[PDB]
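Here is the structure we will look at, set down as structure tokens.
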Ligand code: NA
Ligand code: NA
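Protein chains in written order, with my numbering: chain C, 3 to 102; chain R, 3 to 102; chain G, 3 to 102; chain B, 3 to 102.
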């Protein structure tokens, strides 16, 4: 099928509270082809190697992937999701907005 | 990920009986990349009615697909599954064996 | 959780055409508890073969079950679905309407 | 279908480390009927009200459910899963073993 650029959404499972265990999610959706490089960053640095969830699926040849890690939010730490695909000229970085 | 040739299996859901409504299946498994051409054939012509399940994937990026159609078997008619992929030099035809 | 009466829908997978192999379905939805008796009838007589899907439930504990069989529709034959549950006083019979 | 007692398994998603955000799972499997009361305890007291995962399913009228919460393991704290079902005379408590 024809190439399609992924939509990237970065969010925490529950409202962020410093010192309270949570899980950070990077949902990459509606893309084609499947070959994708997804990394979760903590202060511009990759945390642990995590692959797509079992909840991840395919619909009308397009791909819908979810990557998640458990984390304790802190005041000075900055979180982001780095995504690289054939449809992108350079790797895209989507920052995590605590207020969203 | 690296290229992987599909395993092709052609079978009817229930033991074949002439004049008795059944379901013909073509199960293509353990392949990479996802782009695949799958068509169910009846003698000369291609069955232009064939449906498919959703494209399912493993953690190791191997794809699984099931193509199916409702059919009434008959002693004279010959059924087959034509599969084309990047790993194949020419389209592979797997005939349906009523006895297996 | 509290008792909930099932919604019964009887339909063929594709629009009915005499002599053309199809699937007759009986979709029992939004019920509680899970224990249910579902039978497909051909001219008031119960079809022996009858297959069923896996039991599916919502986060709120309502059940969704699908009962199906391969069939060839004919002009002279009448189809129905007999459903029995704790919420029903007597078994409910839902006739198959070809035009619905 | 006939009554079947659940098999209860309590485990953390990753090897336990004090002060490191994790997931505490309680997998209740192969039970019938569906009506079940599952609570995760911290020193004999319930945590936040947790519903079953979307990975939860049904197989041959039996039920397979997964309940999970965030949590940060600490040295003093004891974790357990309290399960109540019709097949049990009194609520069963399965303690979390860090080494299992
Ligand atoms: Na903001
Ligand atoms: Na009508």
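The beta-carbon is built from N, C-alpha and C at its ideal position, and this holds for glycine as well.
Hey, would you say the C-beta of residue i is under 7 Å away from at least one heavy atom of ligand 3?
i             : result
residue 102/C : No copy of ligand 3 appears in this structure; the ligands present are ligand 1 and ligand 2.
Given the structure, does residue i come close to ligand 1, in the sense that its CB is under 7 Å from one of the ligand's heavy atoms?
i            : result
residue 79/C : no
Do residue j and residue i count as a contact pair if the criterion is CB distance below 8 Å?
i            : j            : result
residue 74/G : residue 28/G : no
residue 57/G : residue 63/B : yes
residue 95/B : residue 71/B : no
Spatial neighbours of residue i within its chain, please: CB distance less than 6 Å, with the 5 preceding and 5 following residues excluded, ordered by chain position.
i             : result
residue 31/C  : 9 and 66
residue 55/C  : 68
residue 14/C  : 24 and 26
residue 3/R   : 34 and 63
residue 16/B  : 24
residue 20/R  : 75, 76 and 77
residue 100/C : 18
residue 12/C  : 28, 83, 96 and 98
Got a sec: does ligand 2 put a non-hydrogen atom nearer than 7 Å to the Cβ of residue i?
i            : result
residue 99/G : yes
Between residue i and the rest of its own chain, which residues show a CB-CB distance below 8 Å, the 5 nearest in sequence each way excluded?
i            : result
residue 89/C : 5, 6, 7, 8 and 33
residue 53/B : 69
Among residues of its own chain, excluding the 5 on either side of residue i, which ones have a beta-carbon nearer than 7 Å to its beta-carbon?
i             : result
residue 60/R  : none
residue 91/R  : none
residue 93/R  : 84, 85 and 86
residue 51/R  : 71
residue 102/B : 13
Pairing CB atoms from the stretch 75–84 of chain C with CB atoms from the stretch 25–44 of chain C, are three or more of them under 8 Å? yes
Quick one, which residues of the stretch 51–84 of chain C are near chain B if we go by CB-CB under 7 Å, in chain order? Answer in chain order: 56, 57, 72, 73 and 74.
Quick check: the stretch 83–98 of chain B against the stretch 32–39 of chain B, are at least 3 beta-carbon pairs closer than 8 Å? Between the stretch 32–39 of chain B and the stretch 83–98 of chain B there are three or more C-beta pairs closer than 8 Å, enough to call the two in contact.
Taking a Cβ distance cut-off of 9 Å, strictly less, list which residues of the stretch 8–36 of chain B are near chain C, in chain order. 15, 16, 21, 22, 23, 24 and 25
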